[PDB]
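Novice: Dropping a structure here in structure tokens format, bear with me for questions.
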Amino acid sequence: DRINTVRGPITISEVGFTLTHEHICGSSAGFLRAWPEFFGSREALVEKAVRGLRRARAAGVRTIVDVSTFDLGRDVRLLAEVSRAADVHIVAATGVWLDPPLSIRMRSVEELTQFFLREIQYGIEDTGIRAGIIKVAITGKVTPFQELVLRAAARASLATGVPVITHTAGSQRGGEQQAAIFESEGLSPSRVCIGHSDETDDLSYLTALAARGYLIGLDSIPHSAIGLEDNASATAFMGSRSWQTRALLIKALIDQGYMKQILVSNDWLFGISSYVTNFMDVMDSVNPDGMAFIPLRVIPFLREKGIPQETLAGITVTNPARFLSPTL
Amino acid sequence: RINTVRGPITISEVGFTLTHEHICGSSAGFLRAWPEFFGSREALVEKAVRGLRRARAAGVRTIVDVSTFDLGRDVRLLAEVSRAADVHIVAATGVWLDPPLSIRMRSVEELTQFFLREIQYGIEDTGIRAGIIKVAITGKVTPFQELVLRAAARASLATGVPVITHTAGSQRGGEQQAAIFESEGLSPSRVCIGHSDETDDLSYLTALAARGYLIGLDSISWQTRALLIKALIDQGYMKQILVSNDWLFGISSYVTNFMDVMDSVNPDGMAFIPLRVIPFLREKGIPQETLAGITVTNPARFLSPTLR
Ligand SMILES: C[As](C)(=O)[O-]
Ligand SMILES: [Zn+2]
Ligand SMILES: [Zn+2]
Ligand SMILES: [Zn+2]
Ligand SMILES: [Zn+2]
């Protein structure tokens, strides 16, 4: 139950302050290799990211989990290069996000399970870098293909002990659908983070999942298009709720007794091609702190509301370690 | 000169060409992320080299691999197979039916520059340059497909490389394609309107040929299909005909083991044209020089970069 990173296995003691939902680059499979000019250059992306991670390291971050799948253009060589140069642990992922190509979406639950296992048990591409988390996504009512992905994720998790992290669009309360399928496969809720759960203020929804032992991904705290009302693409991607509003859900879950079920992140990136052109600039305008936003802005905000330092250390260090540590 | 995955070649070196083929039909990054889907990369290479050597022994000298980025083109795979089989392979840019978000969110201007990158600079970090632009079409042409066609036209106008289309979603889609290409100022002689062998509407095909378009037939009943080649010859448009198999040696973009279905239907693979179609046409009285025009002269004129 050491944890696999892009630099190899590390012990739980070394994981430290973890951001469990981030991205070096949000893209599409092969796109970084075929069109680096889109990002200025690969070299520019590598530097921009390295600088960003280093600033997160200065603010106390020791590990990030890059939840980019194959179809979100995960380039594990970009992750390894940036991890080493920033000296920050990066856990990579398998799974399937919202843009599977035909070679993925035509696959069977059995085939998908085998693919996830390859990426966990053997390595990603020809690199030997093994995934440490499984990635899944739904929007709205689960599609037949998304249900296959969820079942394959559960089976791969049961075989390897690595956890599952989900994209929910909304809520839209997607966690209840996901949890039902995961449990039908015998997966323990303690192996699952229901992500983008900071999109909603439905505390009944959040607390009921937490009470079942799910981890709650309050993972996009700095995402907000307040002030950018004239930019429809910004509003659609980041929403109209303030970062403080998202952050207060952390306090709300603590106050209900569920501190141990909380995972906090920025869901930041250093490049993005999967959306509108130059969207990285729009996001950067909203959060110049990048991935340092959690430790620099959110932690002090929560301490200010009277949350004890020890509880914040538990959410940022202990919870991610328990989550990431492989457990059958 | 024409760019191949082994560098530039002269027109005289091109020889008998199959202008619409694939080594592998897949998705971007897939071959590398899950080569075991194909058994192994090594197995895919071995099969592709055997199949290309078979085609070469039946007279083929060049294939045009019209796999785009989104059809999982791997020019390193193409280079390896090309070298081992001693068959020239022309690589493609463009957009097929499965663009990921990073492609389908792009403007006409952005796509134009990406196609130009792949033609003028090279594919990925390989220095291998695309010698053709690829556009897949459905139905009457979707808005996004129209964007791709216009970018293809603009990249062609800047470089002289031709454009080949293929239609899956069937209508008289060639006329809509032609209208878009012509609105951009593209010469029809730079365009192969593909898989025209799907229909049996000779008047439609003849009218496109008379306008200067190349007519892309393919496919692997095949005899009825082959008789359209003769019909177009007899209309006076042998110069406008291109013939290919649209074959591949691996496929992951459809159902599992579809490659087995395909191989059971057409065990000749890419040799189907020279082993079956060419003798059939010779038997129906098409002369040698005409067959050589279709298989050698037409592809060379089509592929040789020109702005006219
Ligand atoms: C790349 As996302 C907006 O699903 O974290
Ligand atoms: Zn997401
Ligand atoms: Zn994300
Ligand atoms: Zn086609
Ligand atoms: Zn094809």
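Simple scheme: letters A, B, ... for chains in structure tokens order, numbers from 1 for residues in each chain, numbers from 1 for ligands in the order shown.
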Applying 12 Å and only C-alpha atoms, which residues near residue 171 of chain A remain after dropping the ones on its own chain fewer than 4 positions away? List them as a PyMOL selection string.
Specialist: chain A and resi 138-141+166-167+175-178+194-203+205-206+217-218
Novice: Dump N, CA, C and O atoms for the selected residues as a short mmCIF file (atom, residue, chain, number, x, y, z; two decimals), in the first residue's frame?
Specialist:
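Wrote part.cif, looks like this:
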data_model
loop_
_atom_site.label_atom_id
_atom_site.label_comp_id
_atom_site.auth_asym_id
_atom_site.auth_seq_id
_atom_site.Cartn_x
_atom_site.Cartn_y
_atom_site.Cartn_z
N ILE A 138 -19.65 11.18 -15.33
CA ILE A 138 -20.99 11.18 -15.90
C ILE A 138 -21.50 12.61 -15.96
O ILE A 138 -21.10 13.48 -15.15
N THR A 139 -22.41 12.85 -16.88
CA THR A 139 -23.28 14.02 -16.80
C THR A 139 -24.71 13.50 -16.86
O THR A 139 -25.01 12.55 -17.60
N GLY A 140 -25.58 14.10 -16.05
CA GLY A 140 -27.00 13.80 -16.08
C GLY A 140 -27.32 12.36 -15.71
O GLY A 140 -26.75 11.79 -14.80
N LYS A 141 -28.29 11.79 -16.41
CA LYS A 141 -28.60 10.38 -16.24
C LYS A 141 -27.47 9.58 -16.87
O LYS A 141 -27.08 9.82 -18.02
N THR A 166 -14.65 10.54 -9.13
CA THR A 166 -15.66 10.80 -10.15
C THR A 166 -15.86 12.27 -10.46
O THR A 166 -15.65 13.16 -9.64
N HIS A 167 -16.21 12.48 -11.72
CA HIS A 167 -16.69 13.76 -12.18
C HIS A 167 -18.18 13.66 -12.12
O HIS A 167 -18.76 12.69 -12.62
N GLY A 175 -23.87 11.77 -7.76
CA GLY A 175 -23.25 10.82 -6.87
C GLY A 175 -24.17 9.69 -6.47
O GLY A 175 -23.71 8.59 -6.19
N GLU A 176 -25.48 9.94 -6.38
CA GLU A 176 -26.38 8.88 -5.94
C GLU A 176 -26.46 7.76 -6.99
O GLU A 176 -26.50 6.59 -6.66
N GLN A 177 -26.49 8.14 -8.26
CA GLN A 177 -26.44 7.16 -9.34
C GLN A 177 -25.15 6.39 -9.33
O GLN A 177 -25.13 5.17 -9.47
N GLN A 178 -24.05 7.11 -9.23
CA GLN A 178 -22.74 6.48 -9.25
C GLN A 178 -22.58 5.49 -8.10
O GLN A 178 -22.14 4.36 -8.29
N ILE A 194 -16.63 11.23 -4.66
CA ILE A 194 -17.61 11.85 -5.55
C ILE A 194 -17.20 13.30 -5.77
O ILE A 194 -17.33 14.16 -4.88
N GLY A 195 -16.69 13.58 -6.97
CA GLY A 195 -16.12 14.87 -7.28
C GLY A 195 -17.07 15.92 -7.80
O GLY A 195 -18.25 15.65 -8.10
N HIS A 196 -16.52 17.13 -7.92
CA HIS A 196 -17.27 18.35 -8.22
C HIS A 196 -18.48 18.48 -7.31
O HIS A 196 -19.52 19.02 -7.70
N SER A 197 -18.33 18.05 -6.07
CA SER A 197 -19.46 18.09 -5.16
C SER A 197 -19.61 19.51 -4.58
O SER A 197 -20.63 19.85 -4.00
N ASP A 198 -18.61 20.36 -4.82
CA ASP A 198 -18.73 21.76 -4.45
C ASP A 198 -19.56 22.62 -5.43
O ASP A 198 -19.70 23.82 -5.22
N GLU A 199 -20.08 21.99 -6.48
CA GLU A 199 -20.94 22.68 -7.44
C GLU A 199 -22.32 22.99 -6.87
O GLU A 199 -23.03 23.86 -7.37
N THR A 200 -22.70 22.25 -5.84
CA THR A 200 -24.03 22.34 -5.26
C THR A 200 -24.00 22.79 -3.82
O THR A 200 -23.03 22.56 -3.10
N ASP A 201 -25.09 23.40 -3.38
CA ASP A 201 -25.24 23.79 -1.97
C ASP A 201 -26.24 22.89 -1.24
O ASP A 201 -26.69 23.20 -0.14
N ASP A 202 -26.56 21.76 -1.86
CA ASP A 202 -27.50 20.80 -1.30
C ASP A 202 -26.77 19.99 -0.24
O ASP A 202 -26.16 18.94 -0.52
N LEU A 203 -26.83 20.48 0.98
CA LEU A 203 -26.13 19.82 2.06
C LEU A 203 -26.73 18.46 2.42
O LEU A 203 -26.02 17.57 2.89
N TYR A 205 -27.85 16.23 0.26
CA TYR A 205 -27.18 15.37 -0.69
C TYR A 205 -25.76 15.04 -0.24
O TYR A 205 -25.36 13.87 -0.21
N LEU A 206 -24.99 16.06 0.12
CA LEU A 206 -23.59 15.84 0.50
C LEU A 206 -23.43 15.01 1.77
O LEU A 206 -22.62 14.09 1.83
N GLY A 217 -15.60 15.26 -2.86
CA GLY A 217 -14.61 16.08 -3.54
C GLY A 217 -15.10 17.51 -3.68
O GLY A 217 -15.86 17.83 -4.59
N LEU A 218 -14.67 18.35 -2.76
CA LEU A 218 -14.91 19.78 -2.85
C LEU A 218 -13.67 20.30 -3.52
O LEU A 218 -12.73 20.82 -2.90
#
Novice: Residues of chain B that approach ligand 4 to 9 Å or less, counting only C-alpha atoms and all ligand atoms: could you list each one with the shortest pair of atoms and its distance in Å to one decimal, rows by chain and increasing residue number, as JSON lines?
Specialist:
{"residue": "B:20", "atom": "CA", "partner": "ligand 4", "partner_atom_place_in_ligand_line": "1 (Zn)", "distance": 8.5}
{"residue": "B:66", "atom": "CA", "partner": "ligand 4", "partner_atom_place_in_ligand_line": "1 (Zn)", "distance": 8.6}
{"residue": "B:96", "atom": "CA", "partner": "ligand 4", "partner_atom_place_in_ligand_line": "1 (Zn)", "distance": 7.8}
{"residue": "B:97", "atom": "CA", "partner": "ligand 4", "partner_atom_place_in_ligand_line": "1 (Zn)", "distance": 8.5}
{"residue": "B:135", "atom": "CA", "partner": "ligand 4", "partner_atom_place_in_ligand_line": "1 (Zn)", "distance": 8.6}
{"residue": "B:136", "atom": "CA", "partner": "ligand 4", "partner_atom_place_in_ligand_line": "1 (Zn)", "distance": 6.2}
{"residue": "B:137", "atom": "CA", "partner": "ligand 4", "partner_atom_place_in_ligand_line": "1 (Zn)", "distance": 8.2}
{"residue": "B:165", "atom": "CA", "partner": "ligand 4", "partner_atom_place_in_ligand_line": "1 (Zn)", "distance": 7.4}
{"residue": "B:166", "atom": "CA", "partner": "ligand 4", "partner_atom_place_in_ligand_line": "1 (Zn)", "distance": 4.4}
{"residue": "B:167", "atom": "CA", "partner": "ligand 4", "partner_atom_place_in_ligand_line": "1 (Zn)", "distance": 5.9}
{"residue": "B:168", "atom": "CA", "partner": "ligand 4", "partner_atom_place_in_ligand_line": "1 (Zn)", "distance": 6.2}
{"residue": "B:194", "atom": "CA", "partner": "ligand 4", "partner_atom_place_in_ligand_line": "1 (Zn)", "distance": 7.7}
{"residue": "B:195", "atom": "CA", "partner": "ligand 4", "partner_atom_place_in_ligand_line": "1 (Zn)", "distance": 6.9}
{"residue": "B:246", "atom": "CA", "partner": "ligand 4", "partner_atom_place_in_ligand_line": "1 (Zn)", "distance": 7.4}
Novice: Residues as selected, N, CA and C atoms, written as a PDB file, in the first residue's frame, can you do that?
Specialist:
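File again.pdb, as written:
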ATOM      1  N   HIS B  20      -6.398   5.366 -51.356  1.00  0.00           N
ATOM      2  CA  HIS B  20      -7.194   5.425 -50.129  1.00  0.00           C
ATOM      3  C   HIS B  20      -7.039   4.100 -49.392  1.00  0.00           C
ATOM      4  N   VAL B  66      -4.751   7.377 -45.544  1.00  0.00           N
ATOM      5  CA  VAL B  66      -5.578   8.551 -45.296  1.00  0.00           C
ATOM      6  C   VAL B  66      -6.105   8.577 -43.849  1.00  0.00           C
ATOM      7  N   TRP B  96     -11.224  13.196 -39.577  1.00  0.00           N
ATOM      8  CA  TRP B  96     -12.103  12.083 -39.893  1.00  0.00           C
ATOM      9  C   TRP B  96     -13.377  12.248 -39.039  1.00  0.00           C
ATOM     10  N   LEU B  97     -14.055  11.165 -38.699  1.00  0.00           N
ATOM     11  CA  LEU B  97     -15.365  11.213 -38.080  1.00  0.00           C
ATOM     12  C   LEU B  97     -15.392  11.311 -36.571  1.00  0.00           C
ATOM     13  N   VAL B 135     -10.692  14.578 -45.397  1.00  0.00           N
ATOM     14  CA  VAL B 135     -11.913  15.048 -44.751  1.00  0.00           C
ATOM     15  C   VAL B 135     -13.018  13.998 -44.812  1.00  0.00           C
ATOM     16  N   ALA B 136     -13.570  13.647 -43.657  1.00  0.00           N
ATOM     17  CA  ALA B 136     -14.711  12.739 -43.593  1.00  0.00           C
ATOM     18  C   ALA B 136     -15.993  13.551 -43.564  1.00  0.00           C
ATOM     19  N   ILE B 137     -17.005  13.023 -44.254  1.00  0.00           N
ATOM     20  CA  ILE B 137     -18.282  13.678 -44.436  1.00  0.00           C
ATOM     21  C   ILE B 137     -19.411  12.724 -44.050  1.00  0.00           C
ATOM     22  N   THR B 165     -11.916  13.198 -49.854  1.00  0.00           N
ATOM     23  CA  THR B 165     -13.048  13.067 -48.960  1.00  0.00           C
ATOM     24  C   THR B 165     -13.601  11.678 -48.994  1.00  0.00           C
ATOM     25  N   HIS B 166     -14.306  11.321 -47.945  1.00  0.00           N
ATOM     26  CA  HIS B 166     -14.959  10.025 -47.953  1.00  0.00           C
ATOM     27  C   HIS B 166     -16.258  10.218 -47.230  1.00  0.00           C
ATOM     28  N   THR B 167     -17.331   9.673 -47.794  1.00  0.00           N
ATOM     29  CA  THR B 167     -18.640   9.801 -47.179  1.00  0.00           C
ATOM     30  C   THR B 167     -19.121   8.475 -46.614  1.00  0.00           C
ATOM     31  N   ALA B 168     -19.531   8.531 -45.347  1.00  0.00           N
ATOM     32  CA  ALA B 168     -20.131   7.406 -44.639  1.00  0.00           C
ATOM     33  C   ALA B 168     -21.640   7.567 -44.667  1.00  0.00           C
ATOM     34  N   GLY B 194     -14.687  11.151 -52.560  1.00  0.00           N
ATOM     35  CA  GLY B 194     -14.659   9.773 -52.255  1.00  0.00           C
ATOM     36  C   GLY B 194     -15.986   9.141 -52.002  1.00  0.00           C
ATOM     37  N   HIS B 195     -15.871   8.066 -51.233  1.00  0.00           N
ATOM     38  CA  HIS B 195     -16.332   6.787 -51.703  1.00  0.00           C
ATOM     39  C   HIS B 195     -17.547   6.601 -52.580  1.00  0.00           C
ATOM     40  N   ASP B 246      -9.599   0.786 -49.545  1.00  0.00           N
ATOM     41  CA  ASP B 246      -9.935   1.280 -48.184  1.00  0.00           C
ATOM     42  C   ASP B 246      -9.753   0.136 -47.184  1.00  0.00           C
TER      43      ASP B 246
END
Novice: DSSP on the backbone, strand (DSSP E or B) only: what residues of segment 61-209 of chain B does that give? Format it as number ranges by chain.
Specialist: B: 62-65, 88-90, 92-95, 132-137, 163-167, 191-193
Novice: With only C-alpha atoms as the counted atoms, please give the residues lying no more than 12 Å from residue 37 of chain A, apart from itself and same-chain residues fewer than 2 positions off, as a ChimeraX atom specification.
Specialist: /A:31-35,39-45,271,273 /B:110,113-114,116-118,121,124-125
Novice: Could you give me the residues within 7 Å of ligand 1, counting only C-alpha atoms and all ligand atoms, as a PyMOL selection string?
Specialist: chain A and resi 26+167+237+267
